[PDB]
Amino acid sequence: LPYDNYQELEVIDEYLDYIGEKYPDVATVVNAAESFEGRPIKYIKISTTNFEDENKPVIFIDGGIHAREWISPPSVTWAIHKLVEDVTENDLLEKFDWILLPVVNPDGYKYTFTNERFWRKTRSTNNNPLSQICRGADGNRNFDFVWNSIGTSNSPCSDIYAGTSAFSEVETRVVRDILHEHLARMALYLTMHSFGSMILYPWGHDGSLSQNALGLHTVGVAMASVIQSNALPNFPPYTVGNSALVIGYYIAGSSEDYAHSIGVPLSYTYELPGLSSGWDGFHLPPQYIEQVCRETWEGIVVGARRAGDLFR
């Protein structure tokens, strides 16, 4: 178990393989692709009907796009634990099929363990020689959404580098392929990040509302509310709202915006808690990991329920 520590990439990976092997009648692990460096990228597919009954919408949750945000992956694997290992909300398996990608960017995650704790990009290089020095691209700037128009830098060494082109990163292409393959029945998309205790929705490039703003801000407020009553007295309150207006700046190329631009009705970027305003924020004290994973699961429960209502 040990949700008492931030686990290594191999541990997270081995966990999906454990769920896949132990509960094959409800879970299926798929090795999407290979990261830039050769590491397998994996997600797990949970369904009590083998993804066959298309009348059941899909819930897609992912984390680990940003290497340094360590609290992100365990929140995703805790959802996997709650969906397969300790099912206390049976209606969630009845009503939906699920896809969870704990770590979208494995080369960057591992690298925060082996080399630099606060690296955020991927670890790719390209025909351009300067990429030998400046590796990777900001994954949450890589999606084809007004790509590179704002919130980025053309320097391959910037941490907000958008990549050589939209979806130039295989890690980002994996998320894309999931969105499209399940677009028809995807009721909700949650991409987990850190930190700020925030639940953000499109649009991130200009801070304007989308046609589905009412539902977005209603289900968020409802998720943020259940978190709050399950949270620890010392944690800050959740802020719900438009991504750009809450986060304070404009960003082009996010996965949340991209997912919304192609039709996913409810798509949010969850900025999990941090207790220090600086780099320390990306390292919520370990003793809190199981708590943040637990409360965040209560948010996911309310949000998947509300999203199911609004999808029908």
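All residue numbers are counted from 1 along the displayed sequence.
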| query | finding |
| --- | --- |
| Stretch with the greater mean C-alpha B-factor as recorded in the entry, comparing 143-151 against 123-131 | 123-131 |
| 271-279 set against 252-260, stretch whose average Cα temperature factor tops the other in the entry | 271-279 |
| Maximum C-alpha temperature factor, selected from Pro74, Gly163, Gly215, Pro237 | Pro237 |
| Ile59, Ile44, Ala67, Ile247, ranked by C-alpha B-factor: the highest one | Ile247 |
| Within-chain third of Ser35 by Cα B-factor, per the entry | highest |
| CA B-factor ranking of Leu92, expressed as a third of its chain | highest |
| Chain-wide C-alpha B factor ranking for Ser225, given as lowest, middle or highest third | middle |
| For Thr49, the third of its chain into which the C-alpha B factor falls | highest |
| Chain-relative CA temperature factor third for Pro106 | lowest |
